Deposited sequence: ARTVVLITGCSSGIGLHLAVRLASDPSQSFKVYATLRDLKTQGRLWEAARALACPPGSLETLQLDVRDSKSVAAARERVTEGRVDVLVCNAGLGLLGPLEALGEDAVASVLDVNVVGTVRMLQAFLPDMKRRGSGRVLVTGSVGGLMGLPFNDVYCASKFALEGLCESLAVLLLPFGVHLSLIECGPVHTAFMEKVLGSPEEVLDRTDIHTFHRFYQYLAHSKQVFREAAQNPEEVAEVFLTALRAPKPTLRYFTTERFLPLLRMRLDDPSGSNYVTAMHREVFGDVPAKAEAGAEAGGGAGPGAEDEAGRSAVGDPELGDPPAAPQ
């Protein structure tokens, strides 16, 4: 008799603020299963939720580790109500560095948590939404999944890959009744070391990582959003009668980006994004 929601990576940041945002809706429509890597880290979730007056039964925490099929099947099992209406695939990592200085196991993890991670869930959860003929899936995007970023090559790869996977299903889902959707965030707040690092790369590349580092601090300062501003927008896409494939949490990158799309050779983008950075 409620909207049943299930969110990955709810110990901090966007998962968190979406979990509490939704459990405390004054509609009291949402039954929210907030899942977490490691439940030992569930304190902040529940300090926030208490704080927010979430009526009880309105929020539950479950364990779930995206790297693991079992955990995913095991949280599936603990849904009580027997259905999901919203499923939000939110857990994710970054990776930052000169490609060359990047460890092949860090590259593996980023890929598992961010792409394959989102595969397992949709594997475990889409069947039944397809069956019912109902469901909204909401998918934490990144401006890094819309245009390439120097020193985030592997991170960008995992972002573009989910835009990839999601667009592909959204094509297919459209007459099933399932409505998959990407929420696209620039920097959000409540956000290795150089020793090692000159060692694994050349001095011009190292100099430019520094420029890179200095310019993305300025961008954080200027342009990071509260997680609350951001979870507001996941609400909207789930309120929507006809959901679109993408929501933007901001228009700020909306020009460096039409620049990408007004030129498919990509030479305008690569000049413009390089000036803007370096």
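Residues 192-197, 285-327 of the deposited sequence have no C-alpha coordinates in the structure.
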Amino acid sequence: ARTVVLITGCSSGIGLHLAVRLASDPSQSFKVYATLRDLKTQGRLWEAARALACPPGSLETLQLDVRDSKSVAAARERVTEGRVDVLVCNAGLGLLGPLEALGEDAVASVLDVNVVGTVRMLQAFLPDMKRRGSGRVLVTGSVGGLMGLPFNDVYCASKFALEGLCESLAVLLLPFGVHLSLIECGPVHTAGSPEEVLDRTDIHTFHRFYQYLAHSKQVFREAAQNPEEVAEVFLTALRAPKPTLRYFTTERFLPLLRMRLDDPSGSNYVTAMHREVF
From here on, numbers count along this sequence of modelled residues.
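The term rigid core refers to the maximal set of C-alpha atoms that superpose within 1.5 Å between the two forms.
Per-stretch RMS Cα distance to the displayed form in 7 other deposited structures of this protein, following rigid core alignment, is highest for 197-205 when 108-116 and 197-205 are compared.
Remark: when the other structures in 7 other deposited structures of this protein are fitted onto this one via the rigid core, 40-48 deviates more than the alternative among 242-250 and 40-48, judged by RMS CA distance. Between 148-156 and 166-174, the higher mean Cα B-factor belongs to 166-174.
For the pair 61-69 and 236-244, the mean Cα B-factor is higher in 236-244.
As recorded in the PDB entry, 82 shows the highest C-alpha B-factor of the residues 117, 82, 141, 187. Of the candidates 4, 273, 1, 7, the PDB record gives 1 the highest C-alpha temperature factor. Among all modelled residues in this chain, the alpha-carbon of residue 250 has a temperature factor (C-alpha) in the middle third. Ranked by C-alpha B-factor against the other modelled residues of its chain, residue 12 falls in the lowest third. When the CA B factors of the chain's modelled residues are split into thirds, the value for residue 201 lands in the highest one. Residue-level temperature factors show residue 29 in the highest third of its chain, judged at the C-alpha atom. In the PDB entry, a CA B factor belonging to the lowest third of its chain's modelled residues is recorded for residue 91.
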